[PDB]
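Visitor: sequence-free structure coming up:
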């Protein structure tokens, strides 16, 4: 197709990890479910896992896309799939929300 061109203040970042052992040890909470519509966001981090170690992913992070694919139509089960099928390398688009730092 075409290489394309990206911006600088993209805002969103990608996540690169290496299959540690039988998965990445990353869990997601919420997402688009028939019992409710919620924005996909990391839930639990497999202790001593590739996700927690990296520190790039934390509980609460919001997911906008995955493996360069639009999740606007991918459910909690559809998203995970793309991840596993992604291959030996994981790629997820996470964009931290806009919040203020706690002060005393």
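Guide: Good, I have the coordinates. Numbers count the residues shown, from 1 in each chain.
Visitor: ok, now which residue in the chain is the farthest from the centroid?
Guide: Note on the chain: the largest C-alpha distance from the chain mean falls to residue 104, namely 30.7 Å (CA atoms, centre = their mean).
Visitor: Helices of the protein, start to end?
Guide: Using DSSP state H, the helices assigned to the chain run over residues 50-54, 76-85.
Visitor: where's residue 56 relative to residue 27, distance?
Guide: Plainly put, residue 56 is 15 Å away from residue 27 if you go by CB to CB, to the nearest Å. Any C-beta I mention is one placed from the backbone N, CA and C, and that applies to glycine too.
Visitor: actually residue 95, not the one I typed
Guide: With CB to CB as the criterion, residue 95 and residue 27 are 19 Å apart.
Visitor: For the residue nearest to residue 93 when sequence neighbours are not counted, give its distance to residue 57.
Guide: Leaving aside its chain neighbours, residue 93 sits nearest to residue 65 (3.8 Å; criterion: CB to CB, 6 or more residues apart in numbering). For residue 65, the distance to residue 57 under the criterion CB to CB works out to 15 Å.
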